[PDB]
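In structure tokens, the next block holds one chain alone, the form deposited in one PDB entry.
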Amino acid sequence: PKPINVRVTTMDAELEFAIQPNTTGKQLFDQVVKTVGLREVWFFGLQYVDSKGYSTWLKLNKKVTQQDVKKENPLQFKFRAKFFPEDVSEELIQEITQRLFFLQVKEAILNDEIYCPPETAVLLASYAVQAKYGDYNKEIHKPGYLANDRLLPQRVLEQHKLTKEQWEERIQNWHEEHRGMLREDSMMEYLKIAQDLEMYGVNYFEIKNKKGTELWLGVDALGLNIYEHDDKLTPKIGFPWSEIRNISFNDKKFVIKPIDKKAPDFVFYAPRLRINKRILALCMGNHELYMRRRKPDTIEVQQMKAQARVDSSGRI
């Protein structure tokens, strides 16, 4: 019963495991979390591409082989954060947990996946520049030190006009102001900014109405959103969790029935059945956590935030 090679990459690390015919998604995850030393697991998941090109999350409950993981030598997984909190500030408790979000969000912005205006960009870059190098000191940090650093989204490089140096000089100015800022805060401060971005935390899907117009259905922490195909930023129709009563689907048809019966029902169409199941999958997840975060803190969570207060407090 030969084992199946697997590669799981964290944000800043590569892990190589060996699975079997019937190793559940759970097992794999549980191990990755153990090997990485991550506790707040409810935020992550293993991501991958299916036989037919789409990205998606590994179902923990059904088996790893028993889902469309692209058939390639080491099965490729990305231990990447699945759900985003409503306020990065008081939901991400541990340094490590705080971390992987920072790095995950950074990449996304640098890859234009999460849009970002040039100013917000330069500021964000400055915070990372603070978190990587520490305090600006001129004696060591002379001009062009940010020469070899990836810092800004591409869209703000190609669509503008500064040289790389000028741009660098801006990050440079901001960098000077963030003095005496530990990397923990530098990182959190980054996220605080980023979470207010229009695209942050949104899962986009390709769909159509009944006519046949292209549309984007987004699933985020607060509910659903229907976007116009050319505007992935502004929702043309939002469906907060509390205004929806029940979400359902048949092969390619999806329906969003509003809690208000005087209101009509919404329906969009999905390319393949797999996408509708995946959309509903994410809706459970976020909603699930949307409630867990409006009820008292689990004891485990309590001692976490507690033990966390002592890890940044002081001494004598």
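All residue numbers are counted from 1 along the displayed sequence. If you superpose the two forms and keep the largest set of C-alpha atoms that fall within 1.5 Å, you have the rigid core.
Although not depicted, the form solved in complex with a partner chain is the subject of the following passage.
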| property | result |
| --- | --- |
| Answer option from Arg179, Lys210, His160, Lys132, heavy atom within 4.5 Å of its partner chain in the entry with it bound | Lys210 |
| Single option in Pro117, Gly238, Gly144, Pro74 placed near its partner chain in the entry with it bound, where near means a heavy atom within 4.5 Å | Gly238 |
| Heavy atom contact within 4.5 Å of its partner chain in the entry with it bound, the stretch among 106-114, 147-155, 226-234, 75-83 | 226-234 |
| Full three-residue contact with its partner chain in the entry with it bound, heavy atom 4.5 Å, for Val33, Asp87 and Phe102 | no |
| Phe268, heavy atom within 4.5 angstroms of its partner chain in the entry with it bound | yes |
| Proximity of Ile256 to its partner chain in the entry with it bound, heavy atoms at 4.5 Å | yes |
| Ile193: touches its partner chain in the entry with it bound, heavy atom cutoff 4.5 angstroms | no |
| Touches its partner chain in the entry with it bound: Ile93 (any heavy atom, 4.5 Å) | no |
| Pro118 C-alpha moves between the shown form and the other one by 2 Å or more, core aligned | no |
| Core-aligned C-alpha movement of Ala128 between the shown form and the other one reaching 2 Å | no |
| Residue shift check between the shown form and the other one, rigid core fit, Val41 Cα at least 2 Å | no |
